[PDB]
Amino acid sequence: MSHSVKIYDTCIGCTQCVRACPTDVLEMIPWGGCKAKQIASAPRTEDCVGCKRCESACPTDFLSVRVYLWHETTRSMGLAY
Amino acid sequence: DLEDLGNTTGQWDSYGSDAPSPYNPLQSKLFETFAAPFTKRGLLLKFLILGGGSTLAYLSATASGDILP
Amino acid sequence: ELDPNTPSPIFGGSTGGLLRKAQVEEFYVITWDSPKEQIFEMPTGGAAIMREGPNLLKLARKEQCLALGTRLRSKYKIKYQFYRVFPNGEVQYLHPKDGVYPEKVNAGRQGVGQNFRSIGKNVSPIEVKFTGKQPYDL
Amino acid sequence: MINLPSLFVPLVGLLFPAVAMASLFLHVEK
Amino acid sequence: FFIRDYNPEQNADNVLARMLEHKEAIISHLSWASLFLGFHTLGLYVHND
Amino acid sequence: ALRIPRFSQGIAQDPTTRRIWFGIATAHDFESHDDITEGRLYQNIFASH
Amino acid sequence: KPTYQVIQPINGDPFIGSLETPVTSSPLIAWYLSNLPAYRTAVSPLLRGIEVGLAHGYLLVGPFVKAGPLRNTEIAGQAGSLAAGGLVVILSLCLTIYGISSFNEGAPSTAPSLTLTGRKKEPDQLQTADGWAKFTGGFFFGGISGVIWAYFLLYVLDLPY
Ligand code: CLA
Ligand code: CLA
Ligand code: CLA
Ligand code: CLA
Ligand code: CLA
Ligand SMILES: CCCCCCCCCCCCO[C@H]1O[C@H](CO)[C@@H](O[C@H]2O[C@H](CO)[C@@H](O)[C@H](O)[C@H]2O)[C@H](O)[C@H]1O
Ligand code: SF4
Ligand code: SF4
């Protein structure tokens, strides 16, 4: 919000789990351990569109994720052009 | 190797651009103002919009005798 | 565009790729390593042979470079770069910045994750109706 | 003069629209 | 009301709540009316046709 | 890339048409668009109707 | 010689595309369109306005004088200016409130020429508003006007056949 769809989970481990998504996600931040201990819902998100390819794979274990920014770019659209 | 239409031929060569037409019919400023009302404008265009459209619509309908629908 | 051909990467023509508002906004070219010359899929309906380098073709929008990337690491190599061009050079510098290959640590950047509170019971509604006294703007 | 009350359909159904379709292209700009 | 306004701690044990709480039933003993009111009107009207 | 019809900012920007279509069809949803305070809103429905 | 120019797709880089081909770009097409706005701006517009206004002018006659609402007219008017003259007005301002997309506002003044322009970067705008006026001002006196040596003329006319 301006991109706020929660995929968070608890493991935030990313091996045989999830990577897919055009740019948006650099993660691998760590947080002071969780087993695999790469955590967070996100990296800085003012770059790309609105997939839910974001889960589809590797847990979010509450909500899926989805469309919702509303507040919508063009670059975040696909079309201006 | 005689034949080749030895540099055949070129043009100068295969350029085109640099003067293909004299530009335009004379008319210089056979108009210039001539009719101003779009040649004046700052500011207009309402003015005109109520006028043109007031006749068109005003006489556009009313009268003389029917001729009805 | 003859007087300078810089080119590394080899299409021929297409209807495809960028049309005007790449000039008027933000530009988006991707560049890469190669071994021995191979014939490739594209974004935009297809295809070409590479050879070498810069190996620096430019794309429309960022989804497209990364999109090869998947494309580009099946059939392999390490090295793919994608940069974002303006008209007017820089800010927003896109793949360069720290490391690459997200799935590493040096640092955090980013992200949080939670807003103010964690996933648990927002059965609880939204609260006070927007006033500029209380921390609802991040 | 005889038989002539035809102006409150263009001023409205025609010209009033002209105004706003013009004018209200203030949504684009002003 | 349930999303923009409405206040689960402010409401609770409390009859409007309880409506959420014992809700899975509410749609069922509703959907049981329809499905019944369904095929039974539709037996009588095709059969009749 | 202009700044344009206001209450929203979110809306106020996308070039893509959504800016008009949407422009009309928030107008009415007072609570929680840009302007709004519980004192605004109320009155902003009162001198409305 | 080269199978079609020194064989290029576009101006040169493939990547924008447009698959430049005949009907895009043949010495023969391309030329049938440069006093006119397609490439270069001949003159500061003001004049292009009426050859544009006028040519498009005496059109829209048999369209709405031979296909008119209750057609083949017995009236003094049509053959006719009539309604069509009304269209060039609606048209011509539907045309103006587009010259509020660009204002960009100046007089520089050059229909006079220095030095082969290049425009430089004409592509894209660099038409101020005080340009798009003198065009859609030429448009009115091109539309209305170009609507009369249409009807002024007797139609000597050719019969279906
Ligand atoms: C609310 C609306 C409404 C109204 C009031 C009208 C009204 C009209 N429509 Mg119409 N129409 C509408 C909605 C409407 N329409 C819609 C939604 C559609 C789409 C389905 C149409 C599709 C349609 C068609 C296809 C046609 C019409 C036509 C007409 C006209 C029929 C009679 C006529 O000749 O006009 C009376 C007046 C005029 C046409 C303009 C008169 C201007 C003259 C007096 C000027 C000439 C003198 C001189 C040059 C000017 C002097 C200026 C000086 C001061 C400098 C009439 C004006 C027909 C028509 O107009 O053909 C002739 C026909 O074309 N309509
Ligand atoms: C066969 C037809 C059919 C019918 C009967 C309808 C009927 C309707 N459609 Mg619709 N529609 C259709 C086919 C149809 N549609 C198709 C094929 C598409 C696309 C595939 C659409 C896409 C569509 C959309 C997106 C919407 C509608 C809406 C509507 C409703 C709005 C009615 C209204 O009064 O607006 C009146 C319309 C106008 C006033 C705008 C027209 C502007 C013109 C006249 C300007 C002319 C420009 C001129 C040259 C400039 C001169 C300048 C001058 C102004 C100064 C109406 C129920 C709307 C809706 O749902 O609203 C409730 C809207 O959402 N339709
Ligand atoms: C004419 C309609 C068609 C039919 C038959 C139905 C039927 C139904 N809709 Mg429905 N619906 C329709 C069009 C239809 N809808 C349309 C166009 C829309 C909007 C786009 C909706 C939107 C809608 C909603 C929102 C809901 C329903 C619901 C329902 C169910 C409500 C329970 C009921 O009425 O009795 C039961 C059904 C009938 C009387 C229909 C006949 C079903 C049986 C008898 C099949 C016959 C067996 C046959 C011999 C074997 C053939 C199969 C094969 C082996 C050859 C019912 C199944 C609701 C629901 O889910 O209820 C729990 C609710 O969710 N509908
Ligand atoms: C009204 C139009 C419609 C539109 C918007 C387009 C648009 C386009 N067409 Mg196209 N086309 C159309 C109808 C249309 N076409 C039809 C009906 C055909 C016949 C099948 C074609 C066959 C065609 C081909 C083969 C090509 C295109 C191409 C194109 C694209 C670029 C070419 C260009 O603009 O060069 C500029 C065009 C001109 C300067 C046109 C000049 C011709 C005038 C002067 C004729 C005047 C008529 C004369 C008085 C007498 C003829 C009488 C009558 C029989 C017509 C562009 C997207 C090209 C493409 O795919 O993209 C690169 C491709 O080459 N078209
Ligand atoms: C979409 C099409 C369809 C078509 C083909 C027509 C056609 C017609 N309608 Mg009509 N009508 C329609 C849908 C249509 N209508 C619908 C949907 C409605 C209800 C919404 C109506 C309601 C209606 C009414 C009330 C009337 C008509 C009338 C007419 C006639 C007069 C048109 C006129 O003079 O305008 C002027 C025409 C022009 C300015 C045409 C110029 C441009 C054309 C040639 C297209 C450009 C192509 C061009 C040649 C490009 C080729 C390449 C080039 C470079 C060479 C004409 C027969 C009138 C009539 O009385 O019928 C006999 C009557 O007023 N219509
Ligand atoms: C009906 C009156 C026609 C006679 C022309 C004088 C009025 C024209 C309107 C402009 C009003 C000011 O008078 C004007 O005279 C000439 C216009 O023709 C200009 O002389 C020249 O420079 C102008 C200023 O940018 C430009 O429009 C042109 O390049 C050119 O006309 C004077 O710079 C200007 O001051
Ligand atoms: S998708 Fe979920 S589980 Fe997987 S890494 Fe991301 S946050 Fe963790
Ligand atoms: S699709 Fe979703 S998760 Fe993936 S990059 Fe886009 S916003 Fe992020």
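Here is how the numbers come out for the structure above:
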quantity	calculated
Positions within the stretch G:83-108 being within 17 Å of D:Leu24 (Cα to Cα) and part of a loop (DSSP other than H, G, I, E, B), in sequence order	G:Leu95, G:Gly99, G:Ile100, G:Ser101
Any hit, the stretch F:27-37, residues being surrounded by 13 or more Cβ atoms within 10 Å (Cβ to Cβ), among the polar types (S, T, N, Q) and in contact (Cβ under 8 Å) with a residue 12 or more places away in the chain	no
Selection count, the stretch A:50-74, where residues are within 10 Å of the chain's Cα centre (by Cα) and within 8 Å of chain C (Cβ to nearest Cβ)	0
Subset of the stretch G:38-61 (residues that are among the small types (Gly, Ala, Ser), outside any helix (DSSP H, G or I) and buried (at least 18 other Cβ atoms within 10 Å of the Cβ))	G:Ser44, G:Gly57
Qualifying position, being away from ligand 4 (no atom under 16 Å from the Cβ), within 30 Å of D:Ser23 (Cβ to Cβ) and either exposed (fewer than 10 other Cβ atoms within 10 Å of the Cβ) or within 10 Å of chain G (Cβ to nearest Cβ) (or both), among B:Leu30, B:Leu5, B:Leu45	B:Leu45
All positions within the stretch G:69-85 that are more than 11 Å from ligand 5 (Cβ to nearest atom) and either within 11 Å of chain B (Cβ to nearest Cβ) or of a type in the set (A, V, I, L, M) (or both)	G:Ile75, G:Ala76, G:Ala79, G:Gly85
Check on A:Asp47, more than 8 Å from chain C (Cβ to nearest Cβ), free of Cβ contacts under 8 Å to residues at least 40 places away in the same chain, within 24 Å of C:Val105 (Cβ to Cβ) and among the acidic types (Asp, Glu)	no
Residue selected from the stretch E:1-21 under the condition assigned to a helix (DSSP H, G or I) and in contact with a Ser or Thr (Cβ under 9 Å, 6 or more places away or on another chain), by the criterion nearest to the other protein chains (Cβ to nearest Cβ)	E:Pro8
Count - residues of the stretch D:1-18 that are in a helix (DSSP H, G or I) and either within 16 Å of ligand 3 (Cβ to nearest atom) or at the interface with chain B (Cβ under 8 Å from one of its Cβ atoms) (or both)	5
Residue count for the stretch G:147-161, restricted to those that are surrounded by fewer than 24 Cβ atoms within 10 Å (Cβ to Cβ) and touching a residue at least 24 places away in the same chain (Cβ under 8 Å)	5
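None of the figures in this text is laboratory data; all of them are computed from the coordinates on show. Note that we place each Cβ from the backbone using ideal geometry, even for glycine, and neighbour counts take in every protein chain shown.
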